[PDB]
Amino acid sequence: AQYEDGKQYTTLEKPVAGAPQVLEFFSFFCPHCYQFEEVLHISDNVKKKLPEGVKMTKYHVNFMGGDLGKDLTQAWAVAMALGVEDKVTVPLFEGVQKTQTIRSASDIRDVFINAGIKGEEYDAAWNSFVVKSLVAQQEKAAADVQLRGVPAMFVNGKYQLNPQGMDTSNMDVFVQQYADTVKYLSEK
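The sequence shown runs 1 to 188 under the entry's author numbering.
Below, the structure written as structure tokens:
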């Protein structure tokens, strides 16, 4: 067929119950993740094609960058709690990988301050148990799909995107194929 198990996607041996409809894992330390988000804009292209009633969820991972990697997972939880994901994604990616001015938890906070999040608001969220649960949720999700690497995307807790089985192309055919495959999976 046009879309084939083992080609554009694989199937989880153990489907995850109650998973987000479209779940992406990433790290701000991850060079491929920088390419995926900031150059290829995969998330954005996926969302443009998604079915009515399907939302995209994005979780950070701890395993790259040691202490700072975990600080970034905690900061991403703060971003989800405050609903400011689309204001901090670009400057966090740029601060970690382009300027490399993000080296400490305080440097992360500066990005939020600069994007207009009040200090008080950020600090209350950072130290909150709502954010601690959001960190645990991200960690649990990684365990549930038995995550090996980033970037990664899973659909309906059942299927895993397989970019290595797509065409590496003009980046644009690649991105269209990735996005098309997510839409196909969402209706599967």
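Virtual Cβ for every residue (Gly too), placed ideally from N, Cα, C.
What is the DSSP secondary structure of residue i, counted as helix, strand or coil?
i    : result
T73  : helix
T57  : strand
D144 : helix
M153 : strand
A19  : coil
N127 : coil
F36  : helix
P31  : helix
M166 : coil
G65  : coil
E52  : coil
The beta strand (DSSP E) that contains residue i, what's its start and end?
i    : result
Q160 : 159 to 161
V22  : 22 to 26
Check whether the Cβ atoms of residue i and residue j sit closer than 9 angstroms, and answer yes or no.
i    : j    : result
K87  : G116 : yes
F25  : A79  : no
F29  : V96  : yes
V175 : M153 : no
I108 : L72  : yes
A179 : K7   : no
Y122 : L82  : yes
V39  : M171 : yes
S104 : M64  : no
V145 : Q164 : no
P15  : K158 : yes
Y9   : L185 : yes
In terms of alpha-carbon separation, which member of the options lies closest to residue i?
i    : options               : result
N156 : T57, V150, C33, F28   : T57
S128 : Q74, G6, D110         : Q74
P20  : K140, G83, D172, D167 : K140
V61  : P163, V150, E187      : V150
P31  : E94, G53, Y59         : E94
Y59  : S106, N45, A143       : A143
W76  : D67, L92, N45         : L92
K70  : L147, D44, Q138       : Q138
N114 : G18, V84, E4, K132    : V84
May I ask which residues mark the beginning and end of the alpha helix (DSSP H) holding residue i?
i    : result
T181 : 171 to 186
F93  : 85 to 93
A105 : 105 to 114
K47  : 42 to 49
Would you list the one or two residues that DSSP bridges to residue i?
i  : result
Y3 : Paired residues: none, contrary to the question.
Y9 : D5, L161
Any C-beta of chain D sitting closer than 9 angstroms to the C-beta of residue i?
i   : result
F93 : The chain inventory of the structure shown lacks chain D, comprising one protein chain alone.
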